[PDB]
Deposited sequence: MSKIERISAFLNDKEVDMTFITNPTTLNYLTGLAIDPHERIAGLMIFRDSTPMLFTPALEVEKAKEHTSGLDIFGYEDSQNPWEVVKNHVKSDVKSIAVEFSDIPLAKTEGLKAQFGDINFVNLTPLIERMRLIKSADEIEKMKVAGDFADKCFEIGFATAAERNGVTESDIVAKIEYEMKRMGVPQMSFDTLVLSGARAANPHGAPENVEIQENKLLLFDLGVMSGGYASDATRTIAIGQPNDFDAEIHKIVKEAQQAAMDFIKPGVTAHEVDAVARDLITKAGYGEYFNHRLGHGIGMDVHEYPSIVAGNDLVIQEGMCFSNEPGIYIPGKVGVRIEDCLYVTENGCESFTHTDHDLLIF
């Protein structure tokens, strides 16, 4: 149980209780997706008592739909959330563990008002080492990644008769309009794709030039991310296979496998680009981790030596010569021991 891993840490670090705030961490622990926004909500795990969950007076009857179970209770706006919390917790509280990365001072200060000079302890690192592996629900990241293939389908088509980059984004987002993109959809024509602040604008697509897509979705809880780059009408030759240098992605999809550096795959790629001699230009991290957030561990930067086992991240290599001729390609992937596999199935070799 994920909650049992946390009691264990509390016991092990002699901290009494948690007050958990990152709404993405909530649902990963609780299976419930709540967004209090301006209001307060926290997951309170203990060393050896029954875990509670605080909630606005309005979100509570719902939260008993997940259920697990957790002792659920709330506060109306008339009253001080921090008050309610203490008049529900019994037993004494010296330490609280919270997510440093997320919890603001308005909140720690709200607790201190009520509890006193409590030592705060950083839970964030733990949650991180817990999300780094999943294997629970890779199945969920499968369907999102598959919806991105369907996004690539709709996008390609839509580049056809005056159509601009925006039009293309807007049409993909219509789809239902399945709830939410995991990040801002990119459609970038020719030399706009080399910009390190490139964004779709209402500008016609360039015929005989390259078209980059890079997109992704939130399918209920988890997330996908991908980049295809295609040609609109017969492509340029220099451009033609700057695509090749980059499609070779495939010098790292079943080359893969657990127990190799981090300086590992950012080696089979960043070298094979200096091969054809564009080591610079390609001047950003190859690879970020993926799961419930579009960006997570592991980082796949060149420098230090994180071993790989059983992990989600992404394969985005691309060369950018400012004023170029656009190109990058990306799948996200999970590590099994095979071999391995990618979350997106669309063609790396195409033209429309």
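Participant: What stretches of this chain's deposited sequence are missing C-alpha coordinates?
Facilitator: Unmodelled stretches, in sequence order: 1, 139, 164-165, 180-182, 256, 319, 362.
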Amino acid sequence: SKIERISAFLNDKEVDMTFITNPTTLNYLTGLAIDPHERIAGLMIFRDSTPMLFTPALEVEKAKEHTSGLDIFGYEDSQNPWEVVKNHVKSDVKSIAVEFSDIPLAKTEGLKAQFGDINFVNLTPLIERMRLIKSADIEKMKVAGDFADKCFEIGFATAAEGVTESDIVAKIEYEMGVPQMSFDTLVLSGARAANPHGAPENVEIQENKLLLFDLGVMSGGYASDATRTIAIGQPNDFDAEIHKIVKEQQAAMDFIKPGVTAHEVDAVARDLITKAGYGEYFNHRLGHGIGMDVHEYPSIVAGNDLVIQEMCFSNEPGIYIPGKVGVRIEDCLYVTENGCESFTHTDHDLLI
From here on, numbers count along this sequence of modelled residues.
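Participant: Out of 26-34 and 295-303, which one has CA B-factors that are higher on average in the deposited record?
Facilitator: Mean C-alpha B-factor is greater for 295-303.
Participant: Got a sec? Mean C-alpha B-factor, which is higher, 7-15 or 333-341?
Facilitator: Taking the mean B-factor of the alpha carbons in each, 333-341 is higher.
Participant: Looking at the C-alpha B-factor values in the deposited entry, which of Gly42, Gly289, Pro56, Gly326 comes out highest?
Facilitator: Answer for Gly42, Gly289, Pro56, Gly326: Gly326, with the highest C-alpha B-factor.
Participant: Could you check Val98, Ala276, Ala106, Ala199 and tell me which one carries the biggest Cα B-factor in the deposited entry?
Facilitator: Answer, based on the entry's C-alpha B-factors: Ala276.
Participant: Ranking every modelled residue in this chain by its Cα temperature factor as given in the entry, which third contains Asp149?
Facilitator: As the PDB entry reports it, the C-alpha B-factor of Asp149 lands in the middle third of its chain.
Participant: For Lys171, does the deposited CA B-factor place it in the lowest, middle or highest third of the chain?
Facilitator: It falls in the bottom third of the chain.
Participant: Test of reading the entry: by CA B factor among the chain's modelled residues, which third contains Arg47?
Facilitator: Its C-alpha B-factor, which the entry lists for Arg47, ranks in the lowest third among residues of this chain.
Participant: Please place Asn80 in the lowest, middle or highest third of its chain according to the CA B-factor in the PDB entry.
Facilitator: Tercile = middle for this residue's CA B-factor.
Participant: Quick one: classify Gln249 as lowest, middle or highest third of the chain based on its Cα B-factor.
Facilitator: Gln249: CA B-factor falls in the highest third of its chain.
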